[PDB]
């Protein structure tokens, strides 16, 4: 709420970092390397962002990313399609979302209906090379399915602020070259903290 904009801003940051591989490029530089061809990027303008959860944080993510020329589509079981239209998000059924997205970001609570929302089945419905963000709750994205998608190239990269266990005991995801991550920094701004 107070921290809605902090979360939204981190999520936008992560989307940009996935598009241009800034964290990996920084590490490359700090290891004394100059690897231009290796970190060839993607432009956000004209790409489709899928937003799962169209509450406050999801809406703020949407309007920011609209300024980059992203097409914003999304899903929410409560919010009406005419309401979401009013902040620029085209609502569709979940099955329609997967195959259109170049980027997917999650903004839901952790519920039975949202645990493993992204899983082996839904990654198989995505465009090859999809990039995924989770700055919401650990477990919305099934961690084993994500790892398998990254290993096959079905998923070209992921950004994670949250994990099923924190700090994460399993290291496979964190350690993957196409994964960027933070130690649950979503609310961690001076402004969010000091009301």
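Numbering follows the first chain given and starts at 1.
K.L.:
Higher average CA B factor in the deposited record is what I'm after, so tell me if that's 110 to 118 or 87 to 95.
P.N.:
Result of the comparison: 87 to 95.
K.L.:
Quick one: higher average CA temperature factor, 121 to 129 or 67 to 75?
P.N.:
In the deposited entry, the stretch with the higher C-alpha B-factor mean is 121 to 129.
K.L.:
By the entry's C-alpha temperature factors, tell me which of 161, 35, 60, 143 sits highest.
P.N.:
Comparing C-alpha B-factors across 161, 35, 60, 143, the maximum falls on 35.
K.L.:
For the listed 136, 54, 49, 29, which has the peak Cα B-factor recorded in the PDB entry?
P.N.:
Each of 136, 54, 49, 29 was compared by C-alpha B-factor; the highest is 29.
K.L.:
Rank-wise, by C-alpha B-factor, drop residue 24 into the lowest, middle or highest third of its chain.
P.N.:
It falls in the top third of the chain.
K.L.:
Splitting the chain's C-alpha B-factors into thirds, which one does residue 192 fall into?
P.N.:
It belongs to the highest third of the chain when residues are ordered by C-alpha B-factor.
K.L.:
What third of its chain's C-alpha B-factors does residue 17 belong to: lowest, middle or highest?
P.N.:
Lowest third.
K.L.:
By the record's CA B-factor, is residue 185 among the lowest, middle or highest third of residues in the chain?
P.N.:
For residue 185, the deposited C-alpha B-factor lands in the lowest third.
K.L.:
Would you please rank residue 179 by its C-alpha temperature factor against the other modelled residues of its chain and give the third it falls in: lowest, middle or highest?
P.N.:
Tercile = middle for this residue's CA B-factor.
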